[PDB]
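*Asks:* Below you will find the structure I want to go over with you.
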Amino acid sequence: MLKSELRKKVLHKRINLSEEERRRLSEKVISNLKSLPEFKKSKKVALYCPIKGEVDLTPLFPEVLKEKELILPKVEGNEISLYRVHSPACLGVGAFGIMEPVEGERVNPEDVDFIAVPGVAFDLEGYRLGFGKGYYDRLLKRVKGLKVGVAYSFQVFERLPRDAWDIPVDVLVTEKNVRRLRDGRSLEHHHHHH
């Protein structure tokens, strides 16, 4: 398929973005995400990790720690558990360069209200192209709350070639616009025949 190449060609420019523009757009995403009234209610705020060409949500940790529970993915053994932190105490590099909370309060991923998950590419329906399947998709099967896709409009298209069963998100936040994938169509009471 074009799955691997499409990931690559977008990722190449994705990591080419300069911190100048990037950091300013990240600020917009931060402000947008933090201004969302549902983020005010969501108690468990889990983030994936900005590493390659995602959004600088890293500096937002202090804000999160102040109000809600900052939840980060901890790899205990292939399967990922989620640990909540209320302080910048336990954050150590355990995995491939990323920091994870090895000591703290073990929370089950299904308890997470709000989670921010980035992707190489997004579309206008809420699909991704994935990264690498194996164990991380299992974590995605755990977290069935509000999955918010966080990325830049550059990595967003109208539609993507859906490979198999990549997990669609609930909300999509960019640096320019707010995308909601929970629009309703019609409502019936007793319209199912008379």
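In the structure tokens, the first chain shown is A, the next is B, and so on; residue numbers restart at 1 for each chain, and ligands run from 1 in the order shown.
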Show me, as JSON, numbers by chain, the residues that have an atom within 12 Å of residue A:89 when counting only C-alpha atoms, minus same-chain residues fewer than 6 positions from it.

*Replies:* {"A": [61, 62, 65, 70, 99, 100, 101, 102, 103, 104]}

*Asks:* Tell me, as a PyMOL selection string, which residues lie within 12 Å of residue A:73, counting only C-alpha atoms; anything in the same chain fewer than 4 positions away does not count.

*Replies:* chain A and resi 45-49+77-85+91-95+98-102+106-109+112+115-117+136+139-140+142-143

*Asks:* With distances taken over only C-alpha atoms, which residue among A:126, A:55, A:2, A:189 lies nearest residue A:21?

*Replies:*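 Nearest candidate to residue A:21 out of A:126, A:55, A:2, A:189: A:55.
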
*Asks:* Could you list, as a JSON list (two decimals) with N, CA, C and O atoms, in the first residue's frame, every residue within 10 Å of residue A:10, counting only C-alpha atoms and ignoring same-chain residues fewer than 4 positions away?

*Replies:*
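Dumped to selection_37.json:
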```json
[["chain", "number", "residue", "atom", "x", "y", "z"],
["A", 5, "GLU", "N", 4.72, 4.99, 2.70],
["A", 5, "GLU", "CA", 5.28, 6.14, 1.99],
["A", 5, "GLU", "C", 4.55, 7.42, 2.36],
["A", 5, "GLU", "O", 5.17, 8.48, 2.48],
["A", 6, "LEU", "N", 3.24, 7.33, 2.55],
["A", 6, "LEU", "CA", 2.44, 8.50, 2.89],
["A", 6, "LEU", "C", 2.81, 9.01, 4.28],
["A", 6, "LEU", "O", 2.85, 10.21, 4.52],
["A", 14, "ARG", "N", 7.00, 17.42, 8.13],
["A", 14, "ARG", "CA", 6.50, 17.58, 9.49],
["A", 14, "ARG", "C", 7.62, 17.97, 10.45],
["A", 14, "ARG", "O", 7.45, 18.86, 11.28],
["A", 15, "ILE", "N", 8.76, 17.31, 10.33],
["A", 15, "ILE", "CA", 9.90, 17.59, 11.20],
["A", 15, "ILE", "C", 10.77, 18.71, 10.63],
["A", 15, "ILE", "O", 11.79, 19.08, 11.22],
["A", 16, "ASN", "N", 10.37, 19.24, 9.48],
["A", 16, "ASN", "CA", 11.10, 20.31, 8.82],
["A", 16, "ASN", "C", 10.62, 21.67, 9.32],
["A", 16, "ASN", "O", 11.33, 22.67, 9.21],
["A", 120, "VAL", "N", 0.60, 11.35, 12.38],
["A", 120, "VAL", "CA", 1.37, 11.83, 11.23],
["A", 120, "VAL", "C", 0.49, 12.63, 10.28],
["A", 120, "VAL", "O", 0.84, 13.73, 9.86],
["A", 121, "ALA", "N", -0.67, 12.07, 9.97],
["A", 121, "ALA", "CA", -1.62, 12.73, 9.09],
["A", 121, "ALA", "C", -3.04, 12.52, 9.59],
["A", 121, "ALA", "O", -3.35, 11.50, 10.20],
["A", 154, "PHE", "N", -1.25, 21.50, 8.18],
["A", 154, "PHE", "CA", -0.38, 21.00, 7.12],
["A", 154, "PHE", "C", -0.47, 19.47, 7.03],
["A", 154, "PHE", "O", -0.44, 18.91, 5.94],
["A", 155, "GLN", "N", -0.61, 18.82, 8.18],
["A", 155, "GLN", "CA", -0.68, 17.37, 8.23],
["A", 155, "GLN", "C", -2.12, 16.89, 8.14],
["A", 155, "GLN", "O", -2.41, 15.70, 8.31],
["A", 156, "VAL", "N", -3.04, 17.81, 7.85],
["A", 156, "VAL", "CA", -4.44, 17.47, 7.73],
["A", 156, "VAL", "C", -4.89, 17.57, 6.27],
["A", 156, "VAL", "O", -4.56, 18.53, 5.58]]
```

*Asks:* Leaving out residue A:64 and any residue of its chain fewer than 4 positions from it, which residues lie within 10 Å of it when counting only C-alpha atoms, given as an NGL selection string?

*Replies:* :A and (34 or 43-46 or 59-60 or 68-71 or 85-87)

*Asks:* Would you put the residues from that selection into a file with N, CA, C and O atoms, as a PDB file, in the first residue's frame?

*Replies:*
```
ATOM      1  N   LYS A  34      -7.054  24.650  25.895  1.00  0.00           N
ATOM      2  CA  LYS A  34      -7.228  25.045  27.288  1.00  0.00           C
ATOM      3  C   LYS A  34      -8.481  25.905  27.470  1.00  0.00           C
ATOM      4  O   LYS A  34      -9.013  26.018  28.576  1.00  0.00           O
ATOM      5  N   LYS A  43     -11.292  15.735  34.080  1.00  0.00           N
ATOM      6  CA  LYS A  43     -10.428  15.668  35.247  1.00  0.00           C
ATOM      7  C   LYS A  43      -9.115  14.981  34.901  1.00  0.00           C
ATOM      8  O   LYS A  43      -8.039  15.414  35.316  1.00  0.00           O
ATOM      9  N   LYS A  44      -9.214  13.911  34.129  1.00  0.00           N
ATOM     10  CA  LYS A  44      -8.044  13.156  33.723  1.00  0.00           C
ATOM     11  C   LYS A  44      -7.574  13.628  32.355  1.00  0.00           C
ATOM     12  O   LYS A  44      -8.244  13.385  31.351  1.00  0.00           O
ATOM     13  N   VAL A  45      -6.443  14.316  32.320  1.00  0.00           N
ATOM     14  CA  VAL A  45      -5.903  14.825  31.071  1.00  0.00           C
ATOM     15  C   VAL A  45      -4.652  14.050  30.678  1.00  0.00           C
ATOM     16  O   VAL A  45      -3.572  14.270  31.227  1.00  0.00           O
ATOM     17  N   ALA A  46      -4.808  13.129  29.743  1.00  0.00           N
ATOM     18  CA  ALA A  46      -3.700  12.301  29.297  1.00  0.00           C
ATOM     19  C   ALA A  46      -3.141  12.817  27.982  1.00  0.00           C
ATOM     20  O   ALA A  46      -3.889  13.178  27.079  1.00  0.00           O
ATOM     21  N   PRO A  59       5.243  22.527  27.347  1.00  0.00           N
ATOM     22  CA  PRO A  59       5.242  23.669  28.273  1.00  0.00           C
ATOM     23  C   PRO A  59       3.903  23.867  28.984  1.00  0.00           C
ATOM     24  O   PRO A  59       3.800  24.691  29.891  1.00  0.00           O
ATOM     25  N   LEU A  60       2.883  23.115  28.579  1.00  0.00           N
ATOM     26  CA  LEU A  60       1.554  23.245  29.173  1.00  0.00           C
ATOM     27  C   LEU A  60       1.424  22.358  30.412  1.00  0.00           C
ATOM     28  O   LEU A  60       0.432  22.432  31.141  1.00  0.00           O
ATOM     29  N   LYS A  68      -5.654  20.075  36.773  1.00  0.00           N
ATOM     30  CA  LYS A  68      -6.104  18.701  36.588  1.00  0.00           C
ATOM     31  C   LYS A  68      -4.967  17.714  36.805  1.00  0.00           C
ATOM     32  O   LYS A  68      -3.884  18.082  37.264  1.00  0.00           O
ATOM     33  N   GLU A  69      -5.221  16.454  36.496  1.00  0.00           N
ATOM     34  CA  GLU A  69      -4.206  15.427  36.610  1.00  0.00           C
ATOM     35  C   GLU A  69      -3.542  15.193  35.265  1.00  0.00           C
ATOM     36  O   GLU A  69      -4.194  14.779  34.304  1.00  0.00           O
ATOM     37  N   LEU A  70      -2.248  15.470  35.198  1.00  0.00           N
ATOM     38  CA  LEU A  70      -1.480  15.207  33.996  1.00  0.00           C
ATOM     39  C   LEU A  70      -1.164  13.724  33.920  1.00  0.00           C
ATOM     40  O   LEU A  70      -0.484  13.181  34.785  1.00  0.00           O
ATOM     41  N   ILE A  71      -1.686  13.066  32.907  1.00  0.00           N
ATOM     42  CA  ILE A  71      -1.483  11.640  32.759  1.00  0.00           C
ATOM     43  C   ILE A  71      -0.593  11.348  31.560  1.00  0.00           C
ATOM     44  O   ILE A  71      -0.863  11.799  30.447  1.00  0.00           O
ATOM     45  N   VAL A  85       0.051  12.529  37.449  1.00  0.00           N
ATOM     46  CA  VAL A  85       0.932  13.343  38.267  1.00  0.00           C
ATOM     47  C   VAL A  85       0.288  14.695  38.565  1.00  0.00           C
ATOM     48  O   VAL A  85      -0.404  15.272  37.723  1.00  0.00           O
ATOM     49  N   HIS A  86       0.480  15.165  39.786  1.00  0.00           N
ATOM     50  CA  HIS A  86       0.008  16.479  40.200  1.00  0.00           C
ATOM     51  C   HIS A  86       1.193  17.383  40.487  1.00  0.00           C
ATOM     52  O   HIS A  86       1.035  18.528  40.911  1.00  0.00           O
ATOM     53  N   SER A  87       2.379  16.849  40.261  1.00  0.00           N
ATOM     54  CA  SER A  87       3.608  17.568  40.515  1.00  0.00           C
ATOM     55  C   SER A  87       4.687  17.102  39.545  1.00  0.00           C
ATOM     56  O   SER A  87       4.652  15.961  39.082  1.00  0.00           O
TER      57      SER A  87
END
```

*Asks:* Enumerate, as a ChimeraX atom specification, the complete set of residues in stretch 3-173 of chain A that a backbone-based DSSP assignment places in strand (DSSP E).

*Replies:* /A:44-47,69-77,79-85,92-93,99-100,105-107,114-117,146-150,171-173

*Asks:* For a quick check of understanding, using only C-alpha atoms, which of A:175, A:110, A:188, A:125 has the smallest distance to residue A:32?

*Replies:*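 Using only C-alpha atoms, residue A:32 sits closest to A:175.
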
*Asks:* Show which residues sit within 12 Å of residue A:152, as number ranges by chain. Count only C-alpha atoms, and ignore same-chain residues fewer than 2 positions away.

*Replies:* A: 10-11, 13-15, 17, 21-29, 53-56, 118-123, 149-150, 154-157, 172-179

*Asks:* Please save N, CA and C atoms of the selected residues as a compact mmCIF listing (two decimals), in the first residue's frame.

*Replies:*
```txt
# COMPACT_ATOMS: atom_id res chain seq x y z
N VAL A 10 4.97 12.87 4.49
CA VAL A 10 4.40 13.91 5.34
C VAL A 10 5.31 14.16 6.54
N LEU A 11 5.85 13.09 7.10
CA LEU A 11 6.72 13.17 8.27
C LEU A 11 7.98 13.98 7.95
N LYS A 13 8.35 16.59 5.98
CA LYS A 13 8.10 18.02 6.08
C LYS A 13 7.64 18.38 7.49
N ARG A 14 7.00 17.42 8.13
CA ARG A 14 6.50 17.58 9.49
C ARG A 14 7.62 17.97 10.45
N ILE A 15 8.76 17.31 10.33
CA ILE A 15 9.90 17.59 11.20
C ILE A 15 10.77 18.71 10.63
N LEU A 17 9.40 21.69 9.87
CA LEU A 17 8.81 22.91 10.40
C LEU A 17 9.73 23.54 11.43
N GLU A 21 7.76 29.39 13.67
CA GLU A 21 6.35 29.30 13.34
C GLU A 21 5.67 28.23 14.20
N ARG A 22 6.37 27.12 14.39
CA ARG A 22 5.84 25.98 15.13
C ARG A 22 5.41 26.38 16.54
N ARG A 23 6.28 27.06 17.27
CA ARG A 23 6.01 27.41 18.66
C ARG A 23 4.83 28.36 18.76
N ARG A 24 4.68 29.23 17.76
CA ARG A 24 3.58 30.18 17.74
C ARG A 24 2.26 29.48 17.48
N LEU A 25 2.29 28.49 16.59
CA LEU A 25 1.10 27.70 16.29
C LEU A 25 0.74 26.80 17.46
N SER A 26 1.76 26.26 18.12
CA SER A 26 1.58 25.44 19.31
C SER A 26 0.87 26.24 20.40
N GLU A 27 1.24 27.51 20.53
CA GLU A 27 0.60 28.40 21.49
C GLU A 27 -0.90 28.48 21.21
N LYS A 28 -1.25 28.61 19.94
CA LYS A 28 -2.64 28.68 19.52
C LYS A 28 -3.39 27.40 19.88
N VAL A 29 -2.75 26.26 19.62
CA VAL A 29 -3.34 24.97 19.97
C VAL A 29 -3.53 24.85 21.48
N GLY A 53 7.27 16.10 15.14
CA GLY A 53 6.76 17.33 14.57
C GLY A 53 5.34 17.59 15.01
N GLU A 54 5.11 17.45 16.30
CA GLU A 54 3.81 17.62 16.86
C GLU A 54 3.72 19.02 17.43
N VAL A 55 2.83 19.16 18.37
CA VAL A 55 2.53 20.45 18.97
C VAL A 55 3.22 20.55 20.32
N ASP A 56 3.79 21.71 20.60
CA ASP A 56 4.50 21.93 21.85
C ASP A 56 3.53 22.03 23.03
N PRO A 118 -1.61 12.77 18.98
CA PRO A 118 -1.17 13.26 17.69
C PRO A 118 -1.07 12.14 16.66
N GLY A 119 -1.00 12.53 15.40
CA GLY A 119 -0.82 11.56 14.33
C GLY A 119 -0.08 12.18 13.17
N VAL A 120 0.60 11.35 12.38
CA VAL A 120 1.37 11.83 11.23
C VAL A 120 0.49 12.63 10.28
N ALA A 121 -0.67 12.07 9.97
CA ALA A 121 -1.62 12.73 9.09
C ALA A 121 -3.04 12.52 9.59
N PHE A 122 -3.89 13.51 9.35
CA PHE A 122 -5.30 13.43 9.70
C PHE A 122 -6.16 13.81 8.51
N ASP A 123 -7.45 13.53 8.60
CA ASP A 123 -8.39 13.93 7.57
C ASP A 123 -9.55 14.70 8.20
N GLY A 149 -7.45 14.51 18.60
CA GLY A 149 -6.31 14.54 17.70
C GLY A 149 -5.70 15.92 17.64
N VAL A 150 -4.43 16.01 17.99
CA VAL A 150 -3.74 17.29 18.01
C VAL A 150 -2.66 17.33 16.93
N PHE A 154 -1.25 21.50 8.18
CA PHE A 154 -0.38 21.00 7.12
C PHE A 154 -0.47 19.47 7.03
N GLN A 155 -0.61 18.82 8.18
CA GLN A 155 -0.68 17.37 8.23
C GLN A 155 -2.12 16.89 8.14
N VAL A 156 -3.04 17.81 7.85
CA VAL A 156 -4.44 17.47 7.73
C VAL A 156 -4.89 17.57 6.27
N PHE A 157 -5.61 16.56 5.82
CA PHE A 157 -6.16 16.54 4.48
C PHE A 157 -7.68 16.41 4.56
N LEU A 172 -10.91 16.91 16.94
CA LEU A 172 -9.69 17.21 16.20
C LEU A 172 -9.35 18.70 16.34
N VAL A 173 -8.20 19.00 16.92
CA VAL A 173 -7.80 20.38 17.15
C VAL A 173 -6.54 20.72 16.35
N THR A 174 -6.62 21.79 15.57
CA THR A 174 -5.48 22.25 14.80
C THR A 174 -5.03 23.62 15.29
N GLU A 175 -4.10 24.22 14.58
CA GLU A 175 -3.56 25.52 14.96
C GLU A 175 -4.45 26.63 14.40
N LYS A 176 -5.31 26.28 13.46
CA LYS A 176 -6.15 27.26 12.79
C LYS A 176 -7.62 27.10 13.14
N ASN A 177 -8.13 25.87 13.07
CA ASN A 177 -9.57 25.64 13.22
C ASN A 177 -9.87 24.52 14.21
N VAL A 178 -11.12 24.47 14.66
CA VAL A 178 -11.58 23.44 15.56
C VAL A 178 -12.47 22.46 14.81
N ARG A 179 -12.11 21.19 14.83
CA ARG A 179 -12.89 20.17 14.16
C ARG A 179 -13.59 19.28 15.19
```

*Asks:* For a quick check of understanding, using only C-alpha atoms, which of A:114, A:66, A:88, A:129 has the smallest distance to residue A:8?

*Replies:*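 The shortest atom-to-atom distance to residue A:8 comes from A:129.
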